[PDB]
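Asks: So that we are looking at the same thing, I have put the structure below in structure tokens.
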Amino acid sequence: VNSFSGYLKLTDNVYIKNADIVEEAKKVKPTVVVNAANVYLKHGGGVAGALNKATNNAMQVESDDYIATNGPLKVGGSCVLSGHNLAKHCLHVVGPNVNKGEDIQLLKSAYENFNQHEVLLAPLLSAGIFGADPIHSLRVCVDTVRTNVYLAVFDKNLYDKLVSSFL
Ligand SMILES: O=C(Cc1ccc(-n2cccn2)cc1)OC[C@@H]1CCCNC1=O
């Protein structure tokens with residue numbers, strides 16, 4: 001039993017809710033919140049900008065030190081950093097950004113990072129300003145993640161479309 005509330009169960013291990021991932025993280029304080037990161041951990045907009053804003057820019061400060069030490073992530077890769085006031089840990093995962101021409105096949109590799117964590121609160125990777133089809137992202141999530149994932153979808157219209165079209 002965990003504290004996630006109001007989710008629709010899609011599969012044995014994948015759950016979905018129309019929710020603001022920031023507000024959801026603040027309420028649940030999950031062990032792991034996933035950020036929709038880029039390789040530079042520049043949290044300017046989308047989910048990343050919103051999560052970083054909620055940390056009063058502490059996420060960005062920590063991220064800049066991480067990059068200065070380690071260099072950029074790979075597309076499809078991840079790193080574990082602090083969850084600040086939102087979660088114990090933040091798993092920064094880089095899905096391919098279609099508006100940069102990145103290969104969508106890398107979306108499966110991106111979701112594989114979730115399997116290193118037993119339970120996660122997450123957005124749909126490569127959705128939103130990353131330019132991929134969220135229906136495709138949900139399919140890859142379900143077919144790749146084996147650990148327990150609680151997906152937060154900000155847009156109610158998109159949420160309803162994702163549920164109604166889910167196979
Ligand atoms: O960026 C996102 C994710 C997102 C993904 C897809 C869409 N989308 C709309 C139409 C088509 N796709 C919109 C948003 O979350 C925004 C965050 C989360 C909550 C806190 N404040 C924010 O701004």
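To be explicit about the labels: the chains of the structure tokens are called A, B, and onward in the order shown, and within each one the residues are counted from 1, while ligands get numbers from 1 in the order they are shown.
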Got a sec to tell me which of chain A DSSP assigns to strand (DSSP E), as a ChimeraX atom specification?

Replies: /A:8-9,14-18,32-36,78-82,89-93,119-122,148-153

Asks: Mind the document's chain letters and residue numbers, and return as an NGL selection string the residues of chain A that DSSP labels alpha helix (DSSP H).

Replies: :A and (21-28 or 46-54 or 58-70 or 106-112 or 134-144 or 156-164)

Asks: Using only C-alpha atoms, please write the residues we just selected to a file, as an mmCIF file, in the first residue's frame.

Replies:
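selection-v3.cif written:
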```cif
data_model
loop_
_atom_site.group_PDB
_atom_site.id
_atom_site.type_symbol
_atom_site.label_atom_id
_atom_site.label_comp_id
_atom_site.auth_asym_id
_atom_site.auth_seq_id
_atom_site.Cartn_x
_atom_site.Cartn_y
_atom_site.Cartn_z
ATOM 1 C CA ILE A 21 3.110 16.817 -11.003
ATOM 2 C CA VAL A 22 4.376 19.691 -8.828
ATOM 3 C CA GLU A 23 1.250 19.704 -6.648
ATOM 4 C CA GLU A 24 1.239 15.925 -6.589
ATOM 5 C CA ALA A 25 4.884 15.766 -5.480
ATOM 6 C CA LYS A 26 4.255 18.364 -2.750
ATOM 7 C CA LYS A 27 1.408 16.244 -1.355
ATOM 8 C CA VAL A 28 2.815 12.724 -1.642
ATOM 9 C CA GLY A 46 7.766 22.407 -19.361
ATOM 10 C CA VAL A 47 7.806 19.975 -16.451
ATOM 11 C CA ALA A 48 11.449 20.802 -15.687
ATOM 12 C CA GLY A 49 10.845 24.536 -15.448
ATOM 13 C CA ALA A 50 7.861 23.940 -13.178
ATOM 14 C CA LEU A 51 9.671 21.483 -10.870
ATOM 15 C CA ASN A 52 12.689 23.768 -10.650
ATOM 16 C CA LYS A 53 10.524 26.823 -9.887
ATOM 17 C CA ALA A 54 8.865 24.878 -7.053
ATOM 18 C CA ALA A 58 17.718 24.902 -5.842
ATOM 19 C CA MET A 59 17.277 22.131 -8.427
ATOM 20 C CA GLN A 60 19.060 24.295 -11.030
ATOM 21 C CA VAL A 61 21.913 25.172 -8.638
ATOM 22 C CA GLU A 62 22.482 21.488 -7.843
ATOM 23 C CA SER A 63 22.200 20.586 -11.530
ATOM 24 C CA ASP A 64 24.785 23.164 -12.619
ATOM 25 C CA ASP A 65 27.288 21.674 -10.167
ATOM 26 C CA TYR A 66 26.463 18.168 -11.474
ATOM 27 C CA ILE A 67 27.130 19.215 -15.083
ATOM 28 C CA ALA A 68 30.316 21.091 -14.199
ATOM 29 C CA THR A 69 31.656 17.869 -12.648
ATOM 30 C CA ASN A 70 30.255 15.191 -14.975
ATOM 31 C CA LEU A 106 15.494 6.481 -27.756
ATOM 32 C CA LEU A 107 12.212 6.822 -25.867
ATOM 33 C CA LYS A 108 12.347 3.156 -24.822
ATOM 34 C CA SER A 109 15.893 3.600 -23.490
ATOM 35 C CA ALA A 110 14.704 6.650 -21.529
ATOM 36 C CA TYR A 111 11.881 4.698 -19.873
ATOM 37 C CA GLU A 112 14.270 1.837 -18.986
ATOM 38 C CA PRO A 134 1.787 11.372 -25.769
ATOM 39 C CA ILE A 135 -0.297 8.343 -26.797
ATOM 40 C CA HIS A 136 2.907 6.758 -28.148
ATOM 41 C CA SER A 137 4.792 7.742 -25.006
ATOM 42 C CA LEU A 138 2.168 6.033 -22.835
ATOM 43 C CA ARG A 139 2.391 2.875 -24.958
ATOM 44 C CA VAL A 140 6.193 2.771 -24.630
ATOM 45 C CA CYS A 141 5.876 3.381 -20.884
ATOM 46 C CA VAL A 142 3.475 0.463 -20.420
ATOM 47 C CA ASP A 143 5.590 -1.834 -22.604
ATOM 48 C CA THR A 144 8.933 -0.889 -20.960
ATOM 49 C CA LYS A 156 -7.329 17.271 -18.631
ATOM 50 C CA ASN A 157 -8.210 17.064 -22.320
ATOM 51 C CA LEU A 158 -5.056 15.082 -23.007
ATOM 52 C CA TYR A 159 -5.674 12.884 -19.954
ATOM 53 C CA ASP A 160 -9.161 12.001 -21.205
ATOM 54 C CA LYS A 161 -7.786 11.248 -24.673
ATOM 55 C CA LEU A 162 -5.037 9.020 -23.221
ATOM 56 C CA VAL A 163 -7.523 6.996 -21.154
ATOM 57 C CA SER A 164 -10.145 6.711 -23.882
#
```

Asks: Atom CA of residue A:8 and atom CA of residue A:88, how far apart in Å?

Replies: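 That distance, rounded to one decimal, is 24.2 Å.
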
Asks: Would you compute the distance between atom CA of residue A:146 and atom CA of residue A:45? Give it in Å to one decimal.

Replies: 28.6 Å

Asks: Using only C-alpha atoms, find the one residue out of A:42, A:37, A:6, A:127 that sits nearest to residue A:154.

Replies: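 Smallest separation from residue A:154 among the options: A:127.
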
Asks: Determine, counting only C-alpha atoms, which protein, DNA and RNA residues have an atom within 6 Å of an atom of residue A:39; residues of the same chain fewer than 2 positions away are not included. Present the result as a PyMOL selection string.

Replies: chain A and resi 41+72-73

Asks: For atom CA of residue A:92 and atom CA of residue A:35, quote the distance in Å rounded to one decimal.

Replies: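 Computed distance, atom CA of residue A:92 to atom CA of residue A:35, equals 4.7 Å.
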
Asks: Contacts of residue A:147 at 8 Å or less, counting only C-alpha atoms, minus same-chain residues fewer than 6 places along, as a list in words?

Replies: residues 13, 114, 115, 117, 118 and 119 of chain A

Asks: Write out as a PDB file with N, CA and C atoms, in the first residue's frame the residues lying within 7 Å of residue A:152, counting only C-alpha atoms and excluding same-chain residues fewer than 5 positions away.

Replies:
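Final output, saved to result.pdb:
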```
ATOM      1  N   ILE A  16      -2.451   6.237 -13.749  1.00  0.00           N
ATOM      2  CA  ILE A  16      -2.492   7.542 -14.404  1.00  0.00           C
ATOM      3  C   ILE A  16      -3.535   8.454 -13.761  1.00  0.00           C
ATOM      4  N   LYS A  17      -3.228   9.748 -13.726  1.00  0.00           N
ATOM      5  CA  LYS A  17      -4.094  10.733 -13.090  1.00  0.00           C
ATOM      6  C   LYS A  17      -3.938  12.081 -13.792  1.00  0.00           C
ATOM      7  N   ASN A  18      -5.042  12.818 -13.897  1.00  0.00           N
ATOM      8  CA  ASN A  18      -4.992  14.209 -14.338  1.00  0.00           C
ATOM      9  C   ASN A  18      -4.532  15.031 -13.144  1.00  0.00           C
ATOM     10  N   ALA A  19      -3.271  15.451 -13.154  1.00  0.00           N
ATOM     11  CA  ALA A  19      -2.730  16.158 -12.005  1.00  0.00           C
ATOM     12  C   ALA A  19      -1.518  16.978 -12.423  1.00  0.00           C
ATOM     13  N   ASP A  20      -1.265  18.034 -11.653  1.00  0.00           N
ATOM     14  CA  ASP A  20      -0.044  18.820 -11.759  1.00  0.00           C
ATOM     15  C   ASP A  20       1.038  18.098 -10.965  1.00  0.00           C
ATOM     16  N   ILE A  21       2.084  17.631 -11.654  1.00  0.00           N
ATOM     17  CA  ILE A  21       3.110  16.817 -11.003  1.00  0.00           C
ATOM     18  C   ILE A  21       3.764  17.568  -9.846  1.00  0.00           C
ATOM     19  N   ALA A 122       5.820  10.285 -12.152  1.00  0.00           N
ATOM     20  CA  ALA A 122       6.481  10.667 -13.396  1.00  0.00           C
ATOM     21  C   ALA A 122       5.536  11.365 -14.369  1.00  0.00           C
ATOM     22  N   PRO A 123       6.072  12.187 -15.270  1.00  0.00           N
ATOM     23  CA  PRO A 123       5.309  12.654 -16.428  1.00  0.00           C
ATOM     24  C   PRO A 123       5.550  11.682 -17.586  1.00  0.00           C
TER      25      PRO A 123
END
```

Asks: Can you pull out the residues contacting residue A:80? Cut-off 10 Å, using only C-alpha atoms, and skip same-chain residues under 6 positions away; I want them as a ChimeraX atom specification.

Replies: /A:32-34,89-93

Asks: Could you tell me which of A:148, A:55, A:2, A:78 comes closest to ligand 1 if we count only C-alpha atoms and all ligand atoms?

Replies: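 When distances to ligand 1 are compared using only C-alpha atoms and all ligand atoms, the smallest one comes from A:55.
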